[PDB]
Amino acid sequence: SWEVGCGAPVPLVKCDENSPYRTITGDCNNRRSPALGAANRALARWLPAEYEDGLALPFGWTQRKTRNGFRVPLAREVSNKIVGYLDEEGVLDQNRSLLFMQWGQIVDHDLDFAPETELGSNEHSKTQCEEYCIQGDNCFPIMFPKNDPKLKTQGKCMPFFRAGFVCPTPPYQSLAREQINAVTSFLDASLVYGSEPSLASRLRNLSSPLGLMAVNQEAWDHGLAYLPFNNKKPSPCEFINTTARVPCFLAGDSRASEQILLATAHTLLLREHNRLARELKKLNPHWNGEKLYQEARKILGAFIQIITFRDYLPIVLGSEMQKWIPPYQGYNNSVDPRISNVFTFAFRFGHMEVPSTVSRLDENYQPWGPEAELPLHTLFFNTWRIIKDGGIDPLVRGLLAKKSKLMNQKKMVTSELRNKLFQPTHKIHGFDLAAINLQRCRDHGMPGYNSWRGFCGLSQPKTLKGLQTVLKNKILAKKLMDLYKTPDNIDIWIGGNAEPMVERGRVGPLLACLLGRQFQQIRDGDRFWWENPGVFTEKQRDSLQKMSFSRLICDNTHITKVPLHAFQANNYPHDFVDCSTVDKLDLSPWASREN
């Protein structure tokens, strides 16, 4: 009997079996198991969770508890010795735009979010973790290795709180601890609309029956809309410049303001919505707010899906694309659509594609102002640079005309993220995304590198020399062996990202397999997948397949020169062309005459 009949949530809902629209929660997608791929349920386990005590405590928690007979190395030490680098010269991806990085993050945010356990409010224990670096309960601090410069300027640790888990909040116990996915597993634009009822209605333009999203009432971008602002005081976007006092945005997803390009992308998405909704009203004046909201939402859902599957995944997965994600063959209700706990680490390959600077560029795609280029760390939680420093258009052109960082075995994660990350409530630009990722693999009970190699039908190196051969890199294998002792102990995030990239792709074979399999399932196990006979008409679909990111820019900003292929590295003006040469979204097939 599954000791299923956990957990006390999620406020179970009931389905309208002939509803033509998705729920907000993702309930009801799968008819026979309606909670599948819904938000606020456990991330799926492709392999059993691996905890120090079998149930909940992470490897590394108890100093004298080994993993396979070896101590697991400090996350920050792995980070310092392997992940970091000094010289940003030469690190850029010659064939991927910055938008490639950015769309990766957007997709990730559509799919998964394992928020921290919520116990630190109404209490200092959260501030005591930071202050005293005392491991316990949900405080699992990232301690500095001796020799860390941060030890000299920053104290003993970086604070880190364990992720939320189902059943959920109070600690224990019986089966293994299962982390929660706070968003819908479907690729459904949940980051624009929200994955909870509360949030989803708050976001909409209810006053007006046009079914627009709520827009900003204090700022505009050459008349084009901005996201609404967020109420929650204290605001990290306020905190990073108290003079400017500009708060974070309010999106479907709580992380929308984390970095300025994410907030930028979110802005394009909310606008396409209204562009569609109003366009729909024009062509169907009879439809109330709802019908327009849902029809706009649904097209946008399709937009995310299409760009992701037609434009993005092929240039991540490369040669392995075919093998894991073959041409669509319809909805299959036996396929598990849930995001796996491992995927949420495999998709953090993006972290190695983030470059050290962001640019604002002008209509000639030239530096915009005298500080056109800024270090990435000054743009974390930064809304004021958008509203008071030229709106989104200069940033969007940066997205097209600048390049992603290329992953590099000797230059993995820029120090902007590896030393200068900001976390709300923690005041400093002093955190380490890489170390966090490693501690979080352990927090989540991740099987090690070789377990996952084995899952994917790949060899499992057991010696330094075997690891050299798999990684095609002597020195990197030697560093990982020195720290981890056995490849069986290499944390998945670093193991997966250390593999050389597959031909025509940007991740290695292990991640290709973890990624590919997840993406296959989110497409095949989705009853509302755009191409699934019945979701859209044949004519809508010849039209949906017209859509493009170049197009979404052209229709939602004052940029009129775009590339046809927005994810490749494009230089102005040679690889740019005017907006009128880029196919439009022909909405004719949405015309409804109910005469």
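We number the residues from 1 along the sequence you see.
Student: Could you check the entry and say whether 390-398 or 508-516 has the higher mean CA B-factor?
Tutor: Comparing averages over the C-alpha atoms only gives 390-398.
Student: In the PDB record, does 430-438 or 356-364 carry the higher mean Cα temperature factor?
Tutor: Comparing 430-438 with 356-364, the higher mean C-alpha B-factor belongs to 356-364.
Student: Among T344, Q154, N284, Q468, which carries the highest Cα B-factor?
Tutor: Of the candidates given, the C-alpha B-factor peaks at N284.
Student: Between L47, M547, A38, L57, which one tops the list for Cα B-factor in this entry?
Tutor: Out of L47, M547, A38, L57, the record gives the largest C-alpha B-factor to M547.
Student: Split into thirds by Cα B-factor across the chain's modelled residues, where does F349 land: lowest, middle or highest?
Tutor: It falls in the bottom third of the chain.
Student: By the record's CA B-factor, is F186 among the lowest, middle or highest third of residues in the chain?
Tutor: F186: CA B-factor falls in the lowest third of its chain.
Student: Can you tell me which third, lowest, middle or highest, the CA B-factor of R385 falls into for its chain?
Tutor: Within its chain, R385 is a middle-third residue by C-alpha B-factor, going by the deposited values.
Student: Relative to the other modelled residues of the same chain, rank the CA B-factor of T267 and answer lowest, middle or highest third.
Tutor: For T267, the deposited C-alpha B-factor lands in the middle third.
Student: Pull the Cα B-factor of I339 out of the PDB entry and bin it into the chain's lowest, middle or highest third.
Tutor: Bottom third by C-alpha B-factor.
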